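Read in order, the letters of the sequence shown are residues 36 to 602 in this note's numbering. Inspection log for the structure reproduced underneath, given as C-alpha cells.
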Amino acid sequence: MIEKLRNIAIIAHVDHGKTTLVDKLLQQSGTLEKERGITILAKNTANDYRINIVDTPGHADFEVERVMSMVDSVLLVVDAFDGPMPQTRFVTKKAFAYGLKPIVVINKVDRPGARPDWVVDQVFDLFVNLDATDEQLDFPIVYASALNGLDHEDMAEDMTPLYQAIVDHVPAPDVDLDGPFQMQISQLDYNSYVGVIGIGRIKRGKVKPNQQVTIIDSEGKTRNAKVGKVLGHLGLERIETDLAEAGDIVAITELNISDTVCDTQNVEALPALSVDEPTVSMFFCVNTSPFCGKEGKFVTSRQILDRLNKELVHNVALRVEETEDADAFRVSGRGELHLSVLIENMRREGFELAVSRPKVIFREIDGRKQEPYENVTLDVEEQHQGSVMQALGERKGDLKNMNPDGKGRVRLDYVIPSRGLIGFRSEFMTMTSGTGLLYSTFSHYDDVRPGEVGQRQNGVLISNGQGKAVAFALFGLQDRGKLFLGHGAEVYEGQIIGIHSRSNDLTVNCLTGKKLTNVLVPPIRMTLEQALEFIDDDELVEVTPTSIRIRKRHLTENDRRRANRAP
Ligand SMILES: Nc1nc2c(ncn2[C@@H]2O[C@H](COP(=O)(O)OP(=O)(O)CP(=O)(O)O)[C@@H](O)[C@H]2O)c(=O)[nH]1
Numbered sequence: 036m037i038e039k040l041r042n043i044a045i046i047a048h049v050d051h052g053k054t055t056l057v058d059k060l061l062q063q064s065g066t067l068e069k070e071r072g073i074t075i076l077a078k079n080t081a082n083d084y085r086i087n088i089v090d091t092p093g094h095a096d097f098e099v100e101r102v103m104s105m106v107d108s109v110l111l112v113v114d115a116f117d118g119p120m121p122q123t124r125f126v127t128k129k130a131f132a133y134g135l136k137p138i139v140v141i142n143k144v145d146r147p148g149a150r151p152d153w154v155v156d157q158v159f160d161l162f163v164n165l166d167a168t169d170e171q172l173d174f175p176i177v178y179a180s181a182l183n184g185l186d187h188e189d190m191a192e193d194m195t196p197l198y199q200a201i202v203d204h205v206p207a208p209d210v211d212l213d214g215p216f217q218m219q220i221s222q223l224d225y226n227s228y229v230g231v232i233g234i235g236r237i238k239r240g241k242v243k244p245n246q247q248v249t250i251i252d253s254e255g256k257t258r259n260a261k262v263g264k265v266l267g268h269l270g271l272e273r274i275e276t277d278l279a280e281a282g283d284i285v286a287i288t289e290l291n292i293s294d295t296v297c298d299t300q301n302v303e304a305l306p307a308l309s310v311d312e313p314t315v316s317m318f319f320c321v322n323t324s325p326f327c328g329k330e331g332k333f334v335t336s337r338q339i340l341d342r343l344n345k346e347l348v349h350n351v352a353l354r355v356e357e358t359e360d361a362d363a364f365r366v367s368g369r370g371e372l373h374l375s376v377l378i379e380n381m382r383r384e385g386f387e388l389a390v391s392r393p394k395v396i397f398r399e400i401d402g403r404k405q406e407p408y409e410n411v412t413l414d415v416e417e418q419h420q421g422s423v424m425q426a427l428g429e430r431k432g433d434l435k436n437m438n439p440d441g442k443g444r445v446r447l448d449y450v451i452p453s454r455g456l457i458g459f460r461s462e463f464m465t466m467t468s469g470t471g472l473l474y475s476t477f478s479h480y481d482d483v484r485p486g487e488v489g490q491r492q493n494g495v496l497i498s499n500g501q502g503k504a505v506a507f508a509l510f511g512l513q514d515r516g517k518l519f520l521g522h523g524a525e526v527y528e529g530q531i532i533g534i535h536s537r538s539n540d541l542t543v544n545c546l547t548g549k550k551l552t553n554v555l556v557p558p559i560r561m562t563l564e565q566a567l568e569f570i571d572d573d574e575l576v577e578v579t580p581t582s583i584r585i586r587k588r589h590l591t592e593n594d595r596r597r598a599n600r601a602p
C-alpha cells in the first residue's frame, strides 16, 4: 500500500484562488468526527492513490516547517491576474529549506485580464531567487479554473489532469513499514475532552488504539486509548494505522512538538529540532499562597493546564510538560520573554499561578553539554561603561564590540550565556537611571561556562504572619534593607517584602510593632518581568490579575530548613 501515498502542502493568500481547489477536487471518494482539517485526503485512481493535501497557514505565527516536515512536495497556487503575493512568499521558503519539489498551479484563468504566461515568468523571478537548486521542474506548472482556452493542455477537464500531475511528480513518503513503530509529532491540536492530540506523519511501523509506546527526550512511558486519522475532509478513527499516513493520536503524556513516539521494544528515536526548540523552562504551579483565588477567577490546576494547551496549539516555541507534583508544570519557551507574555496574558485573562525562576535548558550536544548563549546589544551614556563593564563581566559576558557614537553615548554588543542574562535588565536600569536601552536575542548552544553566574548577591526579607504593614515596623525595617511595600498592605507568612543589604535571609515581623511597653521610602515597583529575574530556586512569583507577589517555596521557616539541610 505504501508506494501510492502522496503528501503535499498548499499555498495561497489574499487571492481567493486557494481552495476552491480543495473543494474543487471533489472527484475523490464518493462511494469520532472532529476535527479536520488538515488535510483533505482525496482518493484518485482513474489505483487508490491516497493524497493528503495538508494545509499550510498563510498566517505567519510564533511554524510552517512543522507542517512540511510531514509532506513530500507542495502545491503553490497562484491567480493568473495578479501574480504571487508577499506571503505566498514567506511560506514557500521553508518549502525549499526541506527537500520539497513544488507543483505550481495557476488558478482563475477564466478571468478576463488573464496573464497566464506573465505570472509564470513572475513566479521564477520571485520564486527562483531562492535556489533549490532543482526545479527548474517545477513542471509541474498546471493550469486551472476552480470554476470547473490556451496554454496547457488543453484541457480535458482541467481537474482530470491535476491528479496525474500530483502522482507523477510528488514522490512516495520515504519511510519503512517493517521494524517496530515510530512517529514524530509534527503538528499539534487540543480539545478539553480528549487532551492534546498528536498529529504527525508515521516514520515506521503500525499502531492500534490500545498498546504501549514511549515519548522522546528523556523517559515518557504513557499509552492512549484512541487514534483519529484523516479521510476525505473528515478526521475519522479506525482499527489501526500503519505506515506513512498523516494520522493523529490522543491522550498521551504533555505530548509536544518535535517530540517523537516509538515502541518500547527495540526503538528510539527520531531527530529534527529543527530550530524552534526552547532554551528556558520555568515551572508553573497553582497559587498555593494564603490569597488563593482571592484576586483572580481561574486558579484550579485543571484550568491552568487547559489554558497551557490552548497555547500549545498555535504557539510553536512553547513546550509544556507535567511533574511529580499535581499542580506544577515545566513550561519551556524560546526566551524568558516568550514565557512572560504567556504569564502577563494569563494574568489579564483572570488567572492565578506561582512561577519558578527561569532555569535554562542545558542540552547534550556531542559529548560536551552545552548551554544557550545570546547576542546582547545595548546603548548607554559614557558614565555607564564603568557600571556595565563589571556586570556583564560578572555574568561571563564575552565582549564583541564598541561603537562610540561621537557624542556621550556608546553601543556595546556582547555574547552572554542565557543563564547569566537572567537578572541583568533591572540593574542596567538601576545603573543608568532608566537611560540605558537594551534588548537581546538567542544565538547558539555552545559549551557551558559552567560555574554559576545567575546568582543574587543579597538575601530577602520575609514576614512571619498575615496582617497589615505597620508603618511603625516598616520605618525601622528599611534601615536593614531595601523595601517592596509601604503604608499598610495585606501580607502573609512566607511572603517576601524586600531585600536585605547582605546575603542572609531575615524572617522579620510586619505585624504589631509594638507599641513600646507597657516618612517611608517609596517602595520598589516590581514588574512581572523583574520579579522573575529577581527570584531564587527557593522562591516563587505568585501572580494575580491585579497584583505581583513574591514568596518562598516553603513558607514556615522550620519547614524550609527541614529541606536544607541538603541530602
Ligand atoms: N473566475 C474565476 N474565479 C474564481 C476561480 N477560483 C476562485 N475564484 C473566485 O475566488 C473566490 C473563491 O472562493 P474561496 O474558496 O473563498 O477562495 P479562497 O482562496 O479559499 C479565500 P481564502 O484565502 O480565505 O482561503 C470566489 O469568489 C470566486 O469568484 C476560477 O477558477 N475562476
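For every residue, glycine included, the Cβ atom is placed at its ideal position computed from N, Cα and C.
- Membership of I378 in the alpha helix (DSSP H) is indicated by the continuous run 371–384.
- With contacts defined as CB atoms closer than 9 angstroms, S316 and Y408 fail to qualify as a contacting pair.
- The beta-carbon separation of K261 and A281, rounded to 17 angstroms, does not stay under the 8 angstroms limit for a contact.
- With 6 angstroms as the limit, the residues whose C-beta approaches a heavy atom of ligand 1 more closely than that are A47, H51, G52, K53, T54, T55, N142, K143, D145, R146, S180, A181, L182, in chain order.
- With contacts defined as CB atoms closer than 9 angstroms, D117 and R392 fail to qualify as a contacting pair.
- For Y480, the enclosing beta strand (DSSP E) begins and ends at 472–482.
- Cβ atoms of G455 and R430 come within 8 angstroms of each other, at about 3 angstroms.
- Taking a cut-off of 8 angstroms on C-beta distances, the region 295–303 does not touch the region 99–112, as fewer than three cross pairs fall below it.
- In the same chain as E38, and ignoring 5 residues on each side of it, the C-beta atoms closer than 7 angstroms to its own belong to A207, in chain order.
- Assigned with DSSP and collapsed to three states, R392 falls in coil, not helix or strand.
- Our two residues, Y178 and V144, have alpha carbons roughly 8 angstroms apart in a direct line.
- Residues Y84 of the same chain have their beta carbon placed closer than 6 angstroms to that of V202, with the five preceding and five following residues left out of the count.
- Here the C-alpha atom of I532 lies approximately 13 angstroms from the C-alpha atom of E577.
- Closest by C-alpha distance to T467, out of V415, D360, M437, is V415.
- Here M36 is exposed: its Cβ has fewer than 16 other Cβ atoms, across all protein chains shown, within 10 Å.
- By the neighbour-count definition (other C-beta atoms within 10 Å, threshold 16), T288 is a buried residue.
- The region 375–382 and the region 124–132 do not touch, with fewer than 3 CB-CB distances between them shorter than 8 angstroms.
- Nearest to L509 by alpha-carbon distance, out of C545, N499, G489, is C545.
- In this structure, the alpha-carbon of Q420 lies about 30 angstroms from that of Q513.
- When secondary structure is reduced to three states using DSSP, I37 falls in the helix class.
- The Cβ atoms of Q501 and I585 lie no closer than 9 angstroms to each other.
- In this model, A361 and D341 are separated by some 14 angstroms (Cα to Cα).
- For secondary structure counted as the alpha helix (DSSP H) over 4 or more consecutive residues, the region 70–116 holds these complete runs in sequence order: 100–103.
- A Cβ-Cβ contact shorter than 9 angstroms links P137 with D173.
- Annotated as proximal: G270 and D283, with beta-carbon spacing under 9 angstroms.
- Given a length threshold of 4 residues, each whole run of the alpha helix (DSSP H) inside the region 448–528 is given here in chain order: 453–456, 460–467, 506–509.
- Contact check for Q222 against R369 fails: the beta carbons are separated by 9 angstroms or more.
- The criterion of a C-beta distance shorter than 9 angstroms is not satisfied by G443 and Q425.
- Proximity to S582 across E525, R124, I497 peaks at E525, based on C-alpha coordinates.
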